[PDB]
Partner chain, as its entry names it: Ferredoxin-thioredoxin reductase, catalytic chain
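In structure tokens, one chain follows: the form solved without the partner chain.
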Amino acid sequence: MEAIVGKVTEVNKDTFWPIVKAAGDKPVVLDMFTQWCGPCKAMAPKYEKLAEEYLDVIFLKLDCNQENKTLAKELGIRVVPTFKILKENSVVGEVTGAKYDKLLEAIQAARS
């Protein structure tokens, strides 16, 4: 089997929950974005570096397009990018917009 940490894995309506359920007590971070999104593209490089530094956190991204509509709504989206933080199969935090600092704090909190 292969390890999912150390990188950013893209998910979709069918593969997001199964991954969350197998996370264990590792916090899961989800970057909800769309194509052609300015603030999303700016955050992208930084998000990948976060995945490289925090090996005890699973980093995912979801393209909030037509196909994934049902899941984006279920998770609650208003504007992109939005970051959801999950633990034990539950959303325990959220950061709306490209707020890097607030994102870091949300992650530290989920860990300890």
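Residue numbers count along the first chain shown, from 1.
Another form, the form solved in complex with the partner chain, is not on view; read the next lines as being about it.
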Checking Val57, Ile85, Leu50, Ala72 against the partner chain in the bound PDB entry, the residue with a non-hydrogen atom inside 4.5 angstroms turns out to be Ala72
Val28: touches the partner chain in the bound PDB entry, heavy atom cutoff 4.5 angstroms | no
Is there a heavy atom of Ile77 no more than 4.5 Å from a heavy atom of the partner chain in the bound PDB entry?
-> yes
Touches the partner chain in the bound PDB entry: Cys37 (any heavy atom, 4.5 Å) | yes
